[PDB]
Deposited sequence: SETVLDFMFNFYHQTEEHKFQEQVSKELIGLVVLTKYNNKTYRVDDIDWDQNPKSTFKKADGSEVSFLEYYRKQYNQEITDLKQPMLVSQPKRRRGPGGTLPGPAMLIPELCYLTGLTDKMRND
């Protein structure tokens, strides 16, 4: 089950703000595993102001959308464009795609 599957399955909520607060309450602190690289991340925040068509500056200096990044690097196609980004803060945060992350029992 992906984080995206979960966001809609765990709690259903017609009021959008309430949906967003609750999902954020239900996800922040959990550990996800990306399906395309054997790394796990703590979900520190959910960025509702970003989506897969948003862009980031790569290690090397060039800019790419998350869409392009995941297709070129891992041949992972992201189908749902409306979904938020998950924020994981190391120690430049890693922004993860909910559709590409599996849930986990987590602290």
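Q: Walk along the deposited sequence from position 1 and note every stretch that has no C-alpha coordinates.
A: Holes in the chain trace, numbered from 1: 1, 93-102, 119-124.
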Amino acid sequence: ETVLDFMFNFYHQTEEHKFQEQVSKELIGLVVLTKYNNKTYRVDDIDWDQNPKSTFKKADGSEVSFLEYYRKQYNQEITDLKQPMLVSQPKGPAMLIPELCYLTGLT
From here on, numbers count along this sequence of modelled residues.
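Q: Higher mean Cα B-factor in the deposited model: 57-65 or 78-86?
A: Result of the comparison: 57-65.
Q: Between 93-101 and 11-19, name whichever shows the higher mean Cα B factor according to the PDB entry.
A: According to the entry, 11-19 carries the higher average C-alpha B-factor.
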